[PDB]
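Residue numbers (the numbering used here), protein chains in the order written: chain Y, -9 to 515; chain S, 585 to 1110; chain W, 5 to 544; chain G, -12 to 91.
For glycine and all other residues, C-beta sits at the position ideal for the given N, C-alpha and C.
Below you'll find the structure, written out as structure tokens, and then a few comments.
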Amino acid sequence: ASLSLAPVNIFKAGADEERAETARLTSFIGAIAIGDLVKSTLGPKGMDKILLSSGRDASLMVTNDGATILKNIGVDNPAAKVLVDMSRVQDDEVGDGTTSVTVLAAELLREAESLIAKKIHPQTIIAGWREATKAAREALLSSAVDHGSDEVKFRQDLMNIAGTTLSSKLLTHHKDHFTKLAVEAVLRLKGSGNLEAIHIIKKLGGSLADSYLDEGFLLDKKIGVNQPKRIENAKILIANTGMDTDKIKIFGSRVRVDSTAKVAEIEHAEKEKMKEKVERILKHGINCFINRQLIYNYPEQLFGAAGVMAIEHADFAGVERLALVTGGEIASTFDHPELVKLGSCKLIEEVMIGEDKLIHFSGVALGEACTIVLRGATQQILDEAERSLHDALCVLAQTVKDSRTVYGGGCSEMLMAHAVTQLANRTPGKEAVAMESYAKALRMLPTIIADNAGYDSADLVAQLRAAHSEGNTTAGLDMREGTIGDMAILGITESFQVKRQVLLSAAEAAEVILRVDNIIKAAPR
Amino acid sequence: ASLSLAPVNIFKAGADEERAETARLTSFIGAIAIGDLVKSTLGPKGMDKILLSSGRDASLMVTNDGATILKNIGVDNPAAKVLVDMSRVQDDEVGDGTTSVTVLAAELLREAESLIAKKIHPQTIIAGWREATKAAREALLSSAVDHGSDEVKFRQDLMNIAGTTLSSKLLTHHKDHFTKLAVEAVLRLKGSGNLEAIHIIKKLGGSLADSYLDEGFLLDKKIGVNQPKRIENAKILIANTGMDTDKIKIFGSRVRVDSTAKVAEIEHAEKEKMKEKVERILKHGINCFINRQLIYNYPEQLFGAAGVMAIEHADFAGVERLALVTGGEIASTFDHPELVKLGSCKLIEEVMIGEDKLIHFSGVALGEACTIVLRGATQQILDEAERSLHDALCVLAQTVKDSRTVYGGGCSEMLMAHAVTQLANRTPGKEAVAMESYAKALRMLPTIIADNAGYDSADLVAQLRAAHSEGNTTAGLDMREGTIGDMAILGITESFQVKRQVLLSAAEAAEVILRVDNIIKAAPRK
Amino acid sequence: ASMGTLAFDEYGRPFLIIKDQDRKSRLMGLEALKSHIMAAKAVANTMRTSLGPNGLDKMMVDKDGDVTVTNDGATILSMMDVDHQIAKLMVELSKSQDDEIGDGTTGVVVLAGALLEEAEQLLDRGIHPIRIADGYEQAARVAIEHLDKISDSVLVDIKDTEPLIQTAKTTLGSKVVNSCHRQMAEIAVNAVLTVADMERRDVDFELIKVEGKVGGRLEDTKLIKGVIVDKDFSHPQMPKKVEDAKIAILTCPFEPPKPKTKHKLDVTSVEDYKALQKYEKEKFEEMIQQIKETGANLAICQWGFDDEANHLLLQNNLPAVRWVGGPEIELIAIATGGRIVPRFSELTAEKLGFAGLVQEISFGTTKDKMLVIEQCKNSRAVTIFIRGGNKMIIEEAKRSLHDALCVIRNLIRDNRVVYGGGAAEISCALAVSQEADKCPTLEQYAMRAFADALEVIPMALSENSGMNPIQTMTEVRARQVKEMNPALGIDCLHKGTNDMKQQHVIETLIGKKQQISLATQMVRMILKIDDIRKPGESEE
Amino acid sequence: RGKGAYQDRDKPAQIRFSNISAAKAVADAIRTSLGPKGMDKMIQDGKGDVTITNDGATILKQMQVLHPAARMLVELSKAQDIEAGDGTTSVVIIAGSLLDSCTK
Ligand SMILES: Nc1ncnc2c1ncn2[C@@H]1O[C@H](COP(=O)(O)OP(=O)(O)O)[C@@H](O)[C@H]1O
Ligand SMILES: Nc1ncnc2c1ncn2[C@@H]1O[C@H](COP(=O)(O)OP(=O)(O)O)[C@@H](O)[C@H]1O
Ligand SMILES: Nc1ncnc2c1ncn2[C@@H]1O[C@H](COP(=O)(O)OP(=O)(O)O)[C@@H](O)[C@H]1O
Ligand SMILES: Nc1ncnc2c1ncn2[C@@H]1O[C@H](COP(=O)(O)OP(=O)(O)O)[C@@H](O)[C@H]1O
């Protein structure tokens, strides 16, 4: 029975239950709504999107990646919340394919709606989809190719993959140069899998071509007054002390005086203690000093008299990457000047770019940190460029970890679709119908990928289907003229692990969402 | 340059026209609504539908045929009006298949909006649908069969076709008796298409199995007071004479007298003229008189003195059919007894069924009429019975006019499916995709056909596909077992002409609907 | 029995009976019982769809906006906006069945639903609830006797778990995790047998936590015989991997403890200030030397440490973590065999737990790592790590492993088991029909009511999948007449055979008898209650 | 073998349940006046017309109801009265009970 047509509604105010078909209608309609809201960023012609803040903040951002929309969007449909959860999972896994897995899930749900309207049970659909996913995964691994051993081929595949990632973004104008720059940046880590080490800056104005890579480090903390402005070839030490009005941590201590003479004596004692601490710091043999918290007037005056620069407002990430790139060691007790390693740098300077004073590091010792200069007229294009660069770094790291790759741009999509169609016509029953709907969603993904360019779909899809039937498993759609051809020679390749992860995530999300039959609601607040 | 975002517009009070894509959305959702309201009445497991007008009148209809269902319904989508029009055209052409063509058009528009979502243009859709309709018509022509030359084969085909037609109706229990009755009535008409020659009574009480095609007739008029209650072997006289408050048509004459003696003499004049008129009536040698208008006390008293039956309030259609079947004539001047034709009758009596008195007629001369007694439990089950009988008579008459037949019940449907499937596989382009969606809707019609009983769809589709692959143009579904069978052996037979008309009309209506892009609305009157 | 009572006294004066009677719907008696039974009707019909492997999964959005997609009925209905006390009573019924067995919680609810289904028609016939309850109790005794008669038991002990693996796979088939049923069964049995007591004692579920992180693939779900630590090392250059580590239990911050009562210290002169500074410095020195005296590898701080302590630990190269939750401290102390340490006074190398292996785990570009502890020679805690494509499949895996482990615990408790999937239900229906045929007539209506009530389980199983229910019902009943077997039932997975035993489906007999008894008792109690008070003021 | 037809559409079923509910409302409003041991009906007209009797079909003619099922039950009762003349009250009660059975 259903509570929709019942003598009583056992609910509080605002809580309701709806008929099974209506419940799935609402859930899957919310899911497909979020799906086509994230849609239209597929392919190299993906249109950008503004991430506006409805509140008084009014923070306006633009991005071509749909995951940014997913992380910052209001949630109404519970299935939409499930979709954003799985998409965030995929994004934390790999930096590309998040919008791909989201749109695949949205389609799978909309043809699930259509197929249930076609009088098919959800369990049969789930079984057919599981069979089709197994077939698609086996086909994808059959055509998967790894070329990590060959260093020249590995570098060429890195070129292709970074170009693939940047094609969907607006940076396609300098795609090749930014590609070689990012590949050099990722190889600068000497096989290190971390990505927070690579740091980026923002500078208003200038052409996009002005963007480049800095091998050293870029710093944007001001220098003191009395200390000399520029001293090179110094030793840099990182400290975790407050370095401001240092007082006894004992809570119960208090001062009880009968006259101002003892007050002045205590003030002089505090000044002498601060001077002793300053001398203890200077005992380390340091000229460029780095601090986290504030530095007051007396210590900065003492540093200026000592001719030693103190750098404040160095946050945890900044000191982290500075230690990674120079080998400096963080310290909190300065009673052992020789027991803490000091940072080694070749050249330090305070460059003047734009209308700001930026400290630039050159000749870093360890080199385990990359600093990238990005130039843009507006902050929006700047953040879009940095997000695209970060996604490129993520996909490059994923390729470095495993070099198993496949031919994308609809090519491997046609492989999967062909395998699933072959199995569907091989098998009888409504499971075949469900998994053929799976296959048609698979085919319609690159359909809209290409149609985002205002091109034709059916002719190219049929041509690629026929060519891959002939055995042209390396044939893929070319965005340059909206035509077909050898996908590899276009220099556009996709990692096999990313494709497999996207396929599995979409399959599992569709399976878990489809099993929902009825929606029950508690009392809203 | 559209109205999606424009600072200024041109509209009247309450007027807001709507763009092409949302025009397609609204028209197609209206078409879907029409199809849904006409569907679920297909196949032997069809389910009846009730009507209830939104006003306080609440017009209530019970019928298994979708044509009457769509006859009485509020219309707001003009495409819905197009659908109602084409269904009514099919109904005026033949009796059966109107719901079939309506649901075909509805599902075609469904697949049309699906293709629109699939990013295709309507013109290519229309071209592909024309090509697919051509191919389907060719395939239907391939397996057409006619057996009208042999009278016994023709009667067997009539038996099968009427049984198939009445299976989708509620009378499936007595299908055999009803089919025999329909065959008897059709062959009693001598092949004439005069539907007005057929009348069926709606009387309350009894069981539907008791229904029979009596050779005579029934009169619902009342016997006079002084008139005899039983006259046998009389002569049927039908008149247009008013003979009530009889006055000259000249309205320019009035009575301006100076004495009541003049008025009394005038009244004596009208009573004498009434006596002369009664004498003129009686001199024709009559015993049963039929009149359209009312009868006063003096004429009935004189007739009772004269021993002549009088029948009043018999409408023009009934008396005309009585003259056609018997031999009487309608008259207005009684100075020509020899120039007025009279019929021949054998049995006129009264029958009491339940608690109502009916004047029973029997012994026809020509027999060019069909009257069937119906023992309906309620008024609505009666209405369903007459609707089903009329549909059976219409389809039998159409088969008489054109005796070409085919095997349907999904078998022919899968035949068109196979033909369009090969056509799609043998050509490239979006045209092939559009006509494949065409064929998919064609196959989706048997989905409703079989799901009116809760049977499997895909398994039977594949089974019939294989059967037609071996060439079995007779392999169709059977509601008894849900398997394949020989429609010729199983008796499920359909008229070739009716099916071809249904297919062509559905294709034409779909083409007409797809050619409209924008719908503009003026200021609403409400 | 609506909007109060209309009397207006009897000489024309205004009349008052009950407070707020202008709109009070006064509910006592047979109509009140109708209201309660129909509310239970709604609850049961909304809940029953989660029965059987083909049974679908309900979702709920709580008052806090958190979704929950679930297959196990107990947790499906455990968070319902219950208003009438009968629904709450059914909730405690489900809870009692769940903590008594763990599986079959759906069975009691559906059985009670069908019992009330025919009870309401029996009430409409004009039958007072007392005789209905007595007949229902007689019927429950008959059903329990049949269940005892058709029992069959096998070996369950720790040495052999192949039947346990089959039972776990059968139980998890109803859950979406049925893709890798063998893998989850094996890992679950390994987890439960990692630490367990076989002398009819409880297994420490405090030490067995089902926790995992999103990401990866479902088949990556693997068992970690150890402890999972969320926190990470504070220093960048600090080493991330330590082997053969020793756990230093610490329950005090790395700062000089302060007096509990309010205190005042008078610092007046330069000498006082310098003396306080050097006292505090020597206190840090004493604390750091005391910490280093034990020589432990890993130090776990509940209250954390400051920057100076962090640098001192860095120079000493002694791995340590900060701000760890108390229950986690208890778990790690039990697993490593550590001892309670209040402060540096009782800090020594002889009270340190041992961790076999400690590692930092990375899941790609997240900047959020975790600490895994395993390989302990005396590990008293074992945890199962589950991977999934999203957090809600993770939750579903959590509850699926929970139910599987509960089934394993029930099997360990006793080997008295039976065959489910409606076959035993059909046998019970046959027994109740026999009792109706062989017992006084007046209560035979309650007899056959209880029979039709027990008949709903195959009803729901069939209509969940989609096969024709009643033809299968009659055919299986006829075959069971031909041969007595609790293994002739519905082939939900469409395996083509009605031999339920051949399909390797095992459920505990204690669970089924408790299900029947609990359902009968709850139905009898609800039959005898006809009082609920409502104000019904229809506030605006 | 296994599953058959999914049977996705369900709303007309519950609409038919509503029709049966109306039919039973009329039926149990009619039921009481059967037999010498029986007691007259319990039905008041919305307009206000009043009749008082023990023969059922008179009450059937009392009601001016909306649902077509009730109207055709009235037709059934009057048809039975026309045909035989006795048991008309029984017919309506049987019809309502059968409708509830169809529900179940
Ligand atoms: N040159 C190309 N030709 C065809 N398809 C491409 C090309 N470059 C990228 N793509 C595809 O477009 C998709 C869009 O990628 P992007 O928007 O960066 O993230 P997501 O993959 O999550 O959508 C990629 O998944 C990729 O498969
Ligand atoms: N025994 C049968 N087996 C299969 N199909 C049938 C059978 N009887 C009728 N049909 C089909 O059901 C359809 C419905 O017929 P009916 O409702 O009488 O008129 P309409 O075709 O206008 O709806 C018919 O077109 C006919 O082809
Ligand atoms: N393979 C199977 N075939 C038929 N019935 C099954 C099968 N597996 C389990 N069942 C039945 O389905 C019922 C529901 O089990 P499940 O949903 O796993 O937990 P719960 O019993 O708590 O609802 C069980 O009582 C069992 O008898
Ligand atoms: N004296 C009697 N004793 C027992 N039953 C009676 C008696 N008289 C009538 N009945 C019962 O009353 C029922 C209905 O009869 P009645 O009310 O006259 O017809 P209706 O219901 O059409 O008005 C019959 O079935 C008959 O068995």
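Once you ignore the five residues that flank residue i on each side, which residues in its own chain have a CB closer than 8 angstroms to its CB?
i, result
"Y:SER(-6)", "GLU7, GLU8, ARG9 and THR12"
"Y:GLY20", "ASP66, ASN67, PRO68, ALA69 and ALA70"
"W:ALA440", "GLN448, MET451, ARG452 and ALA455"
On a CA-only basis, which of the options is nearest residue i? Give me that one, please.
i, options, result
"Y:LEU348", "Y:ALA70, Y:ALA224, Y:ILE191 and Y:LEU454", "Y:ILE191"
"W:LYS278", "Y:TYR288, Y:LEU272, Y:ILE271 and Y:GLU255", "Y:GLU255"
"W:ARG145", "W:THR524, W:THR387 and W:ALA78", "W:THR524"
"Y:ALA307", "Y:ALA497, Y:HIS189 and Y:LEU41", "Y:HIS189"
"Y:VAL390", "Y:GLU141, Y:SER133 and Y:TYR286", "Y:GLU141"
"Y:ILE474", "Y:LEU379, Y:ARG244, Y:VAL84 and Y:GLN453", "Y:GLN453"
"S:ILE710", "S:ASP1040, S:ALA1090 and S:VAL767", "S:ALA1090"
"S:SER1079", "S:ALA728, S:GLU691 and S:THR955", "S:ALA728"
"Y:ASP234", "Y:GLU345, Y:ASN287, Y:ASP325 and Y:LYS420", "Y:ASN287"
Here's a check: name, in chain order, each residue in its chain whose Cβ is nearer than 7 angstroms to the Cβ of residue i, leaving out the five neighbours to either side.
i, result
"W:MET396", "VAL71 and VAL73"
"Y:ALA304", "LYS211, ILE280, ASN281 and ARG282"
"S:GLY650", "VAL622, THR625, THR682, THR683 and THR686"
Is the beta carbon of residue j closer than 9 angstroms to that of residue i?
i, j, result
"W:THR369", "Y:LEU185", "yes"
"Y:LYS193", "Y:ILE343", "yes"
"S:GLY947", "S:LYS819", "no"
For the alpha helix (DSSP H) that contains residue i, what are its first and last residues?
i, result
"W:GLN363", "Note, W:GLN363: premise wrong, no alpha helix (DSSP H); beta strand (DSSP E) at 357 to 365."
"S:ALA617", "604 to 622"
"Y:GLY353", "Note, Y:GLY353: premise wrong, no alpha helix (DSSP H); beta strand (DSSP E) at 346 to 354."
"Y:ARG145", "141 to 157"
Is there at least one non-hydrogen atom of ligand 6 closer than 8 angstroms to the beta-carbon of residue i?
i, result
"S:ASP669", "Judged by which ligands are present, ligand 6 is missing from the structure shown, whose ligands are ligand 1, ligand 2, ligand 3 and ligand 4."
Less than 8 angstroms between the CB of residue i and some heavy atom of ligand 4, yes or no?
i, result
"G:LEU21", "yes"
"G:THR40", "no"
I'd like the span of the beta strand (DSSP E) that includes residue i, first residue to last.
i, result
"Y:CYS335", "333 to 343"
"W:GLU350", "Careful: W:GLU350 lies outside any beta strand (DSSP E) and carries neither H nor E."
Could you tell me if the beta carbon of residue i falls within a distance shorter than 8 angstroms of some heavy atom in ligand 1?
i, result
"Y:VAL91", "yes"
Closer than 6 angstroms by C-beta to residue i: which residues in its own chain qualify, once you throw out the five before and the five after it? Chain order, please.
i, result
"S:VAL668", "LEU654"
"residue 603 of chain Y", "An answer regarding residue 603 of chain Y cannot be provided, because it is not within the stretch -9 to 515 covered by chain Y."
"W:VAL65", "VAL71"
Can we count residue i as close to ligand 2, meaning its CB is less than 8 angstroms from some heavy atom?
i, result
"S:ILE618", "no"
Looking at ligand 3, does it come within less than 8 angstroms of residue i, judged from the CB to the closest heavy atom?
i, result
"W:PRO57", "yes"
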